[PDB]
Structure formats: C-alpha cells, structure tokens
Amino acid sequence: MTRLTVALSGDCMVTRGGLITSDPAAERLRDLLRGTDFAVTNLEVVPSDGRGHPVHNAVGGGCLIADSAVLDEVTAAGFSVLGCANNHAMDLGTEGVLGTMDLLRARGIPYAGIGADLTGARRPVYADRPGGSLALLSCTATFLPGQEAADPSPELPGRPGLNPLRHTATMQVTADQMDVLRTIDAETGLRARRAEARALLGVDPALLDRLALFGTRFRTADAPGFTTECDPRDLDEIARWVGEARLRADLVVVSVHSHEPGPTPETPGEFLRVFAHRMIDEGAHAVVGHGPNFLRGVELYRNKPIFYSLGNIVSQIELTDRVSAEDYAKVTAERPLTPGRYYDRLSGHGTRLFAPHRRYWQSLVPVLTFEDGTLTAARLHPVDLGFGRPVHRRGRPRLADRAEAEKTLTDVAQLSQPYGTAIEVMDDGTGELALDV
Amino acid sequence: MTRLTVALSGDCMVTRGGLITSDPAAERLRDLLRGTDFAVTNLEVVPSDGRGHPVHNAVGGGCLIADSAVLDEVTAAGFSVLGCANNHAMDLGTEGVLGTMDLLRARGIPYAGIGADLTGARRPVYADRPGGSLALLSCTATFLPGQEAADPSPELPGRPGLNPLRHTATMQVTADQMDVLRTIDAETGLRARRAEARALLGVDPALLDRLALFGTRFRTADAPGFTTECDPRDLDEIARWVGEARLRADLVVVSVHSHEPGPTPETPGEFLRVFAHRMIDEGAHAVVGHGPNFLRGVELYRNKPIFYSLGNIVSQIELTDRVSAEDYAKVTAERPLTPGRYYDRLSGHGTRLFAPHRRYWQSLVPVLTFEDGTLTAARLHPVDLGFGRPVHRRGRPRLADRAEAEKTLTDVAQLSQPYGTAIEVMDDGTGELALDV
Amino acid sequence: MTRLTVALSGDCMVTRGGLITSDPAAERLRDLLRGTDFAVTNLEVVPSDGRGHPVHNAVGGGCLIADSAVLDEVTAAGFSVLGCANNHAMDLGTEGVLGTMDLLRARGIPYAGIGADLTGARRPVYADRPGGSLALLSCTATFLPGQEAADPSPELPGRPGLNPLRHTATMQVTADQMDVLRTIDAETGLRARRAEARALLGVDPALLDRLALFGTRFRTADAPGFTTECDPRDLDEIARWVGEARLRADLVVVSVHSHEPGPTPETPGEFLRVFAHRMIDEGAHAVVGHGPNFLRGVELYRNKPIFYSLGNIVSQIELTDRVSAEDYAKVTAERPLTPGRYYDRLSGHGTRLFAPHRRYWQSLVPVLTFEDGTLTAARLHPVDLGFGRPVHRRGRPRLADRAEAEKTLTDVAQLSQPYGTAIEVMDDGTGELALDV
Ligand SMILES: [Ca+2]
Ligand SMILES: [Ca+2]
Ligand SMILES: [Ca+2]
C-alpha cells in the first residue's frame with residue numbers, strides 16, 4: 001500500500017560551497033538523493049551567522065564552524081532530514097545551538113537531536129511527504145560532559161543542548177590487581193585527600209566488590225576484561241520516544257553518533273549494539289550510525305538494518321575559515337598562523353591524522369525501500385571522497401567508479417560478516433543486502 | 001454576466017504536513033478546490049510560532065495548537081478564504097489570536113471572524129478575483145464565556161477575540177414542577193445565600209412568571225419543553241454587517257460554528273435555524289455550518305442553501321504535538337506521558353471518543369455556482385477521512401470512492417429530507433441539489 | 001529573642017492620589033503602618049501603564065484598573081508586602097498580570113499570589129527585615145473560571161494567572177425532590193440533548209447517589225441542606241507551600257480572598273473555615289481574609305488568629321477613570337457617559353450598591369506582635385472610610401475617632417462571639433484580643 005524510500009549517510013562536515021561538483025559521478029549522487037522520499041544526514045558542523053562563543057573542544061579535533069550558507073549546499077545536494085546530535089553541535093555553546101535551531105527553522109529544514117531543553121532534544125521530528133511520513137530521532141554517545149540538554153525545573157529554565165546516550169565503562173581486574181590498586185591509593189596519600197569527603201557525605205565515595213579510583217570504575221573478576229553499558233535513564237528515555245514516534249509515522253529512523261571503539265577500532269562498543277537492538281525492539285525501522293569517520297559493519301536484526309557507521313559523507317575539516325584561539329594554541333608557531341597553514345602544521349604537513357589513510361575518504365549511501373513498514377530492499381551506493389587529492393578538493397562526495405565501489409563494497413561485506421550479513425553485487429559496483437523477507 | 005463558483009467545507013483541524021497525499025483521490029480533491037473561484041474552510045486550529053499561553057479548554061476537548069507551517073498546507077490544498085470564529089481560535093488566549101492574525105496577514109490569506117476588537121471580528125473580509133468578489137463573515141455560537149472580542153471605550157482598548165452568536169436556553173416546566181424548584185431553593189438554604197445580593201441590587205436576581213436558578217432559566221408552561229433563542233444584540237449586529245457586505249461584493253457567505261444540538265444530535269438548534277433564515281433574509285447567498293464534527297442536513301431557503309454542518313474536512317486532533325499541562329491532567333498516569341500516548345489513554349485505547357464511529361470521518365465539499373447572485377448549481381462531493389485507518393493516516397481528506405460516496409450522499413439526503421431537499425445522484429457517487437430556479 | 005510586628009488590612013481599592021490626607025487621624029494611620037515590621041494589604045486593583053486588554057468581569061462589579069502611580073501611594077502609606085490573588089488581578093488579562101508583576105518588581109515591592117505560571121502564583125514571597133523575616137502566601141476562592149494560572153507542560157508554556165482555592169457546592173435534597181429533578185430533566189427533553197455525550201464518553205455525565213444537572217451538584221439526603229468543600233488539589237498544594245515557607249521564615253501569613261457567604265452573609269463559607277484551620281495546622285502564624293467588602297468575625301485557633309474579612313482598607317471604586325465598553329453597556333444611556341456619570345447611574349444615583357450602607361465604610365487594621373513565633377499581642381485599630389461623605393472624598397482611610405471606633409469594635413466583637421473570641425477595649429476605641437498565652 002505505502003512504499004517509501006530512505007537514503008542514509010554519515011557525517012556531513014561541510015565548510016565550503018560547491019558541494020556537488022560538475023563531475024557526472026557527483027551529479028549522479030545528487031540525483032540519487034533527490035529521488036528518494038527522505039534523505040538523512042548528520043550535520044557535523046555548526047552553521048553560524050555569529051551567535052555564540054567557541055568552546056574548548058580539543059579532544060574533538062577542534063571547533064567545526066561554518067558559514068550558514070552551507071545549509072543551502074546540504075539541501076541542494078538532496079538531504080531533507082538532518083540529525084544534529086553529535087560532539088560538534090555545541091561548538092559555539094548554548095547560544096550557538098540556539099542559533100542553529102533558528103537557522104534550520106528559517107530554511108524549513110526538519111531536524112532532531114538538539115533543542116532548547118532536554119525534551120526538545122529527545123523529541124522526534126516528523127517529515128511529511130505525499131507518500132508517507134518519516135520520524136527521525138537523533139542522539140550521541142560522544143560529547144563533552146555538560147553539553148547534554150536539560151529540562152526545566154519549577155524555578156529555573158532548562159539548558160539548550162544535545163540528546164545524550166551516556167554510558168559507563170568498567171575495568172575488570174583480578175583480586176590481586178585490585179589489592180595493588182587500593183595499595184597505590186593508600187600509599188600515595190590519595191586516600192588521605194578524600195578524608196573530608198568522607199566526613200561530608202558519610203562514607204568513602206571510592207568504596208562502592210566495586211571500586212572507583214582515578215575517575216575509573218574497577219571490579220574484581222575471574223580474568224581481566226573491559227565492559228561498557230548504556231546509561232539506564234538515557235536508554236529508557238530514548239526508547240520511550242521511539243515507541244511514541246512509531247504511533248505517528250510510517251517509518252522511524254534512529255540516528256546515533258558514537259566514536260567509542262570496541263575491542264578493535266572497526267567494531268562498535270558493546271553498549272552501542274545493545275542500544276541498536278533495543279531501538280528496533282521498540283519499533284524503529286532502521287538505525288544509522290556515525291562518528292569514527294570510517295565505515296563499520298552492517299547488521300540485520302529482526303529484518304531491520306543497523307549501520308554502525310557510515311563514515312563521512314562530506315569531510316572538509318581542513319578547509320574551515322574559523323579557527324579558535326585555543327585551537328591555534330595546539331600548534332607552536334613562531335608567527336601568527338592562517339587557517340590553512342594551521343591545519344598543515346597540525347597534520348604534520350599531511351603525514352598524520354586523517355589524510356594518509358584511505359578509510360577516512362570512502363563512504364556509503366544506503367537507499368532503503370519499505371513497503372508497509374517491511375524492508376523490501378537495501379541498496380548500497382559506495383561514495384568516494386577523493387583520497388590523495390589536494391586539500392581543497394578532497395572531501396566532496398561523488399558516486400565511486402566501478403573499481404573503487406567494488407573495493408568499498410568488499411570492505412563493508414567484510415566488516416558485516418561477523419553479523420551474518422550477505423551482499424549481492426552489481427556490475428557497476430553498487431550492491432544490496434540479502435534479505436530474509 | 002458574472003459567474004462564480006464557491007467550494008465549502010467544515011472543520012479544518014490540521015496539525016501535520018502532507019495534507020494532500022499521493023492518492024489520486026486526494027490529488028483530485030485539491031484539483032477540485034483549486035478550480036473554484038473561492039474555497040472556504042473553518043480554521044479549527046491555532047497556528048502558532050510561540051505567541052500566547054494555553055487556556056483551559058477542557059469542554060472543547062483540549063487545546064488545538066499546531067506549527068504555523070500548516071497554513072501552507074491549507075493554501076496548497078486549495079483553500080483561499082478562512083473562517084476563524086470557533087471554540088478553538090482562543091486556545092492561546094488574546095495573544096494567540098493576535099499571533100494568528102499576524103500569521104494570516106503575512107501569508108496573504110483572507111480571514112474573518114477574529115479581530116483585535118469586536119468590530120474587527122464582526123467585519124466581513126472581501127476576497128477579490130478577476131471574475132468577481134466574495135464577502136465572508138464568520139461567527140460562532142460555541143465558545144468559553146469571555147472569549148468574545150470587545151470594542152474599545154473612550155478610556156480603555158477593546159479585547160481581541162471572536163465574533164459571537166450568543167443564545168439562551170429556557171426550560172419549560174409545569175406549575176407544579178416550578179413550585180418544587182422554588183421549594184428546593186428555599187429549603188436547601190440557597191435562597192438565604194442571596195440575601196445580600198438582594199440588599200445590594202434591590203431585588204432577588206432569581207425572581208424575573210420567569211425564574212433563574214442554578215444558572216438556568218425556568219418558565220411555567222402548559223407542558224415541559226425546551227427552547228433556545230439567539231441573543232438579540234448578536235443577531236442584529238451580524239445581520240447588520242451582512243447587509244453591509246451585500247453592497248460591496250457579488251456573493252456573501254456566512255460561516256457559523258455551533259456544537260449545540262437540537263432535540264436529537266443530528267438536528268441543529270432552533271436558534272441556529274432562525275439565525276440562518278435571518279442571514280439569507282438580509283442578503284446572504286449561502287450559510288455554511290460546522291461544529292458537531294459530523295454531517296447535518298441541507299436546507300434550501302428562498303433559493304439559497306443552508307449547510308447546517310459539513311463536519312470535518314481535516315481531522316488530526318490525535319496527532320498534535322502540543323498538549324498543555326491541564327490537558328495532561330485529565331489522564332491519570334503513573335509516568336509522564338508523550339502526546340501520542342496521552343491521546344491513546346484519553347480515548348480508552350481507541351474504544352471511545354471519535355475513533356469508533358464512522359460519522360466523524362465522512363465529509364462533504366459542496367461546490368456552488370452563482371450567476372448574478374442566483375444559485376444555478378450546487379454539486380455535492382463526498383469526502384472520506386479514513387475511518388478505521390491508523391491514527392497517523394486517518395483525518396486526511398480525499399474524494400470518496402463510488403461506494404462510499406453513495407453512502408455519504410444517502411446520509412445527506414436523509415438528514416436533509418425534513419427540509420424538503422432533493423438530490424440528484426451521479427454514477428461516480430457525487431450529486432447535486434434539486435433547485436427551483 | 002526575635003520580636004516582630006505585622007499589620008494586616010483588607011481590600012486596597014486605590015484609584016486616586018493623596019491616599020493619606022492631611023487629617024491627623026489619617027497621618028496617624030500611616031505612622032501606625034510605618035512603625036510595624038511588615039504591613040500586608042490586598043491589592044484589589046490592576047496598576048497599569050497600558051499593557052493588557054479589559055476582560056468582561058460583570059459579576060465582579062466591573063473592571064478595576066488604575067494609574068500605576070497608585071503603587072507609590074500604597075508604599076508611602078506604609079504597606080510593604082502585597083497580596084495579589086483576588087477576583088480583579090486578571091482584569092487586564094494575562095498581559096495585564098504580567099504588567100503588574102513588572103511594575104511591582106521595578107518598585108521593589110514584595111508580592112505573592114500571581115505569577116507567570118501556577119507555581120509562581122503559589123510560591124511564598126520572603127520579606128526580609130533586620131529583625132526577622134515574613135513569608136506571605138496569597139490565594140483566592142473568587143475568580144472567573146480560567147483565570148487561575150497554569151504550570152508548563154513538556155510542549156507548551158504555562159499561563160499567567162492567580163493562585164486558586166477552588167471549591168464545590170452540593171445541594172442536599174430529599175429523595176422525592178430528587179425524583180422531581182430527574183423528571184424535569186427527562187420531560188423537558190434536556191436528557192435527550194445529552195444523547196451523543198453518552199455515546200462519546202460512554203456514560204451519562206449527569207449520573208454520578210449523586211447527580212449533576214443545570215451545572216449544579218445534587219445529592220439525596222435526609223433533609224435539605226447546603227454544603228461546600230475545598231478542592232482537594234488546591235488545599236493540598238497550598239498547604240504544601242505553607243509547610244515550605246515555615247522552614248524559611250520567622251512568620252508565615254496566608255492571605256485568602258473569598259466573597260462566598262455562609263448560611264448568613266456575615267459568616268464565612270464552611271470551606272473557608274476548613275481552609276483556615278488547615279493553614280494553621282501546617283504552620284501558618286495568621287490567616288487574613290477579605291472579599292465581602294465588609295467585616296467578618298475573628299477566630300483564635302491553636303493560639304493563632306484568623307481574620308475572615310477585614311473589609312476594605314481603601315475603597316475608591318466609583319473614582320476610577322478606566323471604564324470598559326462592556327461595563328458601560330450595563331447602563332442604558334441616551335448619550336455617551338463619562339466615568340463619574342456612569343457610576344452615578346449604576347448605583348441609582350446613590351440609592352443602591354455600597355453607598356447607602358455603613359458596613360462597607362468601616363475597616364479594621366490589626367497589629368500582631370510575635371515573639372519566637374508565639375502570638376503575644378493582637379491590637380485592633382478600627383478604620384473609618386467616610387460613610388456619607390461625597391464620592392470624591394469617601395474611601396480614604398483614617399483611624400476612627402473614639403465614638404466610631406467603639407462601634408466598630410463592638411461589631412467585630414459580635415461577629416467574633418460565635419468563635420469564643422473576647423476583646424479588651426481601650427479608652428480611645430482601640431482594643432486587643434484576649435489571648436491564652
Ligand atoms: Ca564526531
Ligand atoms: Ca468545534
Ligand atoms: Ca473582591
């Protein structure tokens with residue numbers, strides 16, 4: 001009865017115009033996006049007209065702020081529903097995220113994942129088309145503490161921010177390793193410095209047999225190990241809104257940002273897999289992931305796709321003309337630097353960071369087809385971002401040529417193999433997931 | 001010489017985008033509306049950008065507030081002249097109705113029935129087209145007391161609000177029933193509590209042989225009965241403006257909102273029939289009614305049509321994302337509710353309110369043709385609103401298929417039979433009124 | 001250890017300057033007020049600079065709006081903490097009450113009973129002095145429905161308004177009287193007009209053996225009677241904030257507005273007595289009442305005073321220069337009226353309303369002395385408002401002369417006798433309550 005198509009993509013880090021070049025492979029990507037009912041991307045940049053102040057985001061790679069005109073490039077490329085919860089949305093602070101919401105609403109762009117308070121950041125956004133409706137929810141597990149939005153109290157307003165998916169890590173250690181840690185705690189005098197916190201709260205906050213030292217949670221175990229788990233509040237709250245969106249839309253897509261690695265950099269964190277299964281358990285039709293700036297595996301769970309990371313769909317970090325003073329300070333310089341010179345010195349003249357490795361310049365655009373909520377097709381379109389090209393040309397997306405698309409499709413198939421996912425391959429380098437329906 | 005077509009419709013309770021789906025029956029409804037000279041609907045929702053505060057409208061079913069973008073859906077569907085006097089226009093208070101007027105005027109949408117003062121709410125609006133002009137007046141007989149607009153004094157401004165059609169109800173009781181009422185008044189001690197109101201005003205305000213007790217008017221009569229009558233001020237004032245509009249437009253349409261039932265729910269209140277006859281007596285070319293959220297009869301009076309209720313042309317109450325705190329309090333909940341969950345619990349999981357009954361999901365769009373003020377045709381187009389479909393899909397209008405349109409046309413013919421109205425029926429399920437001209 | 005004095009007063013209906021005349025008895029009243037630690041009055045007028053729109057408050061006697069300069073007269077007279085919850089605070093709507101809050105905060109005047117949302121209207125205000133602190137809470141049981149403030153929801157803001165003390169009245173009727181009421185319901189056809197409300201909600205909303213007809217609650221009883229009861233929500237919420245204020249101030253005063261009469265006009269409603277006992281049960285040090293524009297009895301409950309009504313401390317209703325158009329319409333006139341002529345015709349040229357009766361022009365200012373929360377003194381100062389004087393001079397307060405103060409003190413003693421209250425009388429006409437401490 002109802003038949004809807006959804007295009008998915010990863011980090012859209014756009015800082016320049018001319019996003020879609022005159023290359024036929026780039027114009028064919030825009031044609032692909034425009035031809036779908038909904039095209040989702042993750043706005044990994046703060047569009048700005050001047051509102052806000054730069055926050056110190058050194059671990060995030062610096063501030064990512066661009067002229068608000070890049071929003072026109074995003075929409076003209078074909079993207080129609082934006083996810084905004086990520087580790088850069090708060091780069092201009094609470095005033096910046098309020099400026100972003102204003103810019104998006106003035107341009108008529110549906111967005112989710114940020115809000116004036118926590119509920120607004122958690123809400124889904126409903127995009128209505130003549131053929132049906134899509135609900136988008138957006139959250140992130142990577143962000144500086146405090147950047148999460150807050151709901152109001154009877155006496156104070158909330159706080160603008162992002163929709164959080166918090167998680168805790170626990171270090172499993174043997175009983176002998178545990179005794180050495182507490183010995184180090186006592187002998188270094190650190191336990192003595194918690195003496196008054198014991199008197200104020202009534203008990204040692206390091207004694208939970210659990211243990212909290214150096215801002216890290218330790219637990220006695222049979223063998224050493226490492227475990228992660230979602231925050232129960234965030235998991236239940238996000239799941240709650242997913243069930244709400246299922247009643248009011250044909251399709252529910254959950255967009256999650258997560259840099260956190262598993263046992264190996266290409267595997268997702270264990271908490272992210274639990275989160276993705278829960279979202280589909282609550283009624284989501286797809287889970288699209290991003291963060292690590294490279295591709296990760298694709299899992300089919302209860303006949304619904306989980307894309308743990310679609311990498312970057314646009315990557316123009318080194319082309320931003322907005323570098324904060326704290327970011328400049330990370331590069332020792334004998335003279336004041338211009339933005340382009342700053343990034344050249346930051347990457348060691350191109351010998352480190354994202355430039356030398358091909359994984360940061362391959363992408364994937366899935367196009368899913370649903371019929372009455374059932375997944376009937378999941379096409380895979382590999383995207384090339386121009387590895388090895390000059391800094392001013394790399395980062396713009398185009399449909400990969402046959403040879404490169406096959407390499408990307410092989411990578412995705414290999415990353416998806418632990419989940420039992422199979423891929424059919426076309427002659428042009430595109431492919432599609434093998435479905436059970 | 002002059003030949004004009006007017007499409008009429010009922011309550012437009014729009015809260016979502018994609019009002020006209022990709023269904024050919026829905027696209028053919030937009031084609032029908034766009035093809036007329038004037039398409040009138042009743043804006044039964046407050047479009048908002050944030051101005052105002054929710055009023056407690058529990059008897060009205062709750063607050064009905066939507067993103068102001070729904071105005072674009074109304075105009076793109078084909079509606080061109082809006083009536084705004086109804087029991088929801090004041091859902092965001094005087095500031096909300098001032099915000100609505102701003103939104104409508106910024107989008108170039110003609111409207112009537114609300115204003116900054118009582119005269120502005122009473123005025124007609126003149127919609128001019130190359131083929132002629134239509135004057136629309138809009139009033140409502142259902143609203144919370146005080147919501148009516150007010151005119152200024154020499155010392156104070158007026159009050160923003162709606163154009164009212166007030167009415168009083170009188171309970172006819174036998175003389176023995178009357179004596180019991182006054183006995184109950186005296187013996188319960190209620191008459192004692194009016195002792196000082198007697199001293200301040202000079203007489204008992206319950207002694208009018210009329211009688212006013214429990215905020216109700218009682219009158220001695222031969223047999224028990226029930227009578228209603230329009231407020232003389234509102235009837236003369238509205239009639240006054242109708243005569244004004246007749247001098248300045250080719251066509252004068254009066255739009256009246258009224259939930260009030262007659263002896264049976266499908267019959268209009270006796271005052272509404274007197275009002276409708278008066279409007280045509282003063283020179284109106286048509287009277288379009290709405291309120292009860294279902295269809296009522298059609299009457300031809302002095303060769304002019306009276307549509308006592310065209311039901312809902314759009315019905316998306318359960319899809320609103322704006323639920324006030326007082327509205328939430330009507331549903332006892334062990335945890336905070338989302339809007340969709342709140343409406344599911346309010347309707348008893350769909351077992352009560354408007355969902356179980358088909359009458360709330362059938363509609364009618366008449367298209368009238370006038371030639372020099374004379375009615376020469378009155379086509380009837382039954383509209384389906386999707387009974388039994390999921391909550392996120394029902395409420396959007398489309399031209400009913402042959403089988404359903406014939407059922408709707410039978411209902412209208414039956415509801416119109418007490419007025420002597422006859423209908424010709426086409427092969428597709430549409431029809432037209434039998435005219436005397 | 002701590003010793004604090006509190007002056008109390010009733011309705012302050014000020015609309016003109018020169019509140020304290022050059023009469024030594026008036027200057028001695030200001031000296032009395034200025035000499036206390038806290039002087040409480042009820043602001044029974046909307047101070048305005050132009051913000052808002054007049055609401056239709058016919059049952060309240062019309063709109064009561066004045067130049068905001070009257071706030072300077074209130075403070076210069078000696079009043080220092082204002083209560084604002086009453087049936088006139090909303091005379092200019094939600095915008096007017098927001099304008100009042102702005103005016104009060106710009107002048108540094110502590111106030112309670114109105115707010116931007118329901119919680120702000122319920123909160124106490126803390127007035128701090130070098131000798132200690134007083135917490136004031138303000139609520140009203142007389143107001144037009146909907147004027148109560150509202151708290152926000154996750155999706156909509158609250159509503160500015162007043163702190164409500166709602167209550168329900170039940171008419172006790174015999175079983176035979178009950179059967180006549182339902183017979184009148186069925187035979188008049190009124191029960192037939194609820195036919196669809198039965199289909200929508202699932203049951204007749206008039207069948208609760210209780211019964212709800214004509215917007216009135218009826219109950220079968222042994223004998224006819226009349227009972228009132230506080231709204232459980234308002235009683236528990238107000239009591240909740242009283243317990244909060246007790247922790248943060250030396251003294252807690254609850255100011256309640258109530259026109260509702262008991263079995264006789266001088267007795268308070270039964271619900272008001274239950275409310276007053278509860279407030280002191282929760283930790284309030286005094287309950288000051290007002291509304292009826294005349295004096296009522298004084299009760300000592302658990303060694304804490306309850307003043308059910310202190311009448312008017314200022315009464316200049318007929319001197320307002322702001323008469324709304326709806327208020328003008330209550331007087332049939334052959335020519336447009338000026339404010340003074342309008343009030344002369346409204347009172348029948350002075351032969352009715354408040355002018356002919358002395359009870360509306362006598363007042364009382366109690367001055368309470370507390371020592372560590374214990375009431376050690378309660379002086380009574382009768383106030384004269386100028387009965388029989390010209391309209392432009394009556395309504396301004398002054399300490400009553402010996403002869404008139406003794407008459408007022410006799411009235412208070414008589415009104416307080418049913419509660420077992422005794423009064424000592426001084427030679428000047430003032431007095432004090434007989435305390436058990
Ligand atoms: Ca990131
Ligand atoms: Ca209605
Ligand atoms: Ca009053």
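Quick note: numbers below take in every heavy atom, side chains included, and nothing from hydrogens, waters or symmetry partners. Counting convention: from 1, in listed order, for ligands and their atoms alike. The chains referred to below are lettered A, B, ... by the order of the sequence lines, with proteins before strands, and numbering in each begins at 1.
- Side-chain contact check for C/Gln316 versus C/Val45: every heavy-atom pair is 4.5 Å or farther apart.
- Every side-chain contact (heavy atoms from CB on, under 4.5 Å) that A/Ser347 has, sequence neighbours left out, goes to A/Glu318, A/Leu353.
- Just one residue in the list C/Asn42, C/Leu295, C/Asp11 forms a side chain to side chain contact (heavy atoms under 4.5 Å, CB included) with C/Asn312, and that residue is C/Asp11.
- Around the Ca ion (ligand 1), protein N, O or S atoms at less than 3.0 Å number 4.
- Looking at residues two or more places apart in sequence or on another chain, you find a ring-ring contact (aromatic ring centres under 6.0 Å, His included) between A/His259 and A/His257.
- Counted by atom type alone, C/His56 and C/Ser324 present zero donor-acceptor pairs between their side chains at under 3.5 Å.
- Residues satisfying the ring-ring contact (aromatic ring centres under 6.0 Å, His included) test with B/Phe354, not counting sequence neighbours, are B/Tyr360.
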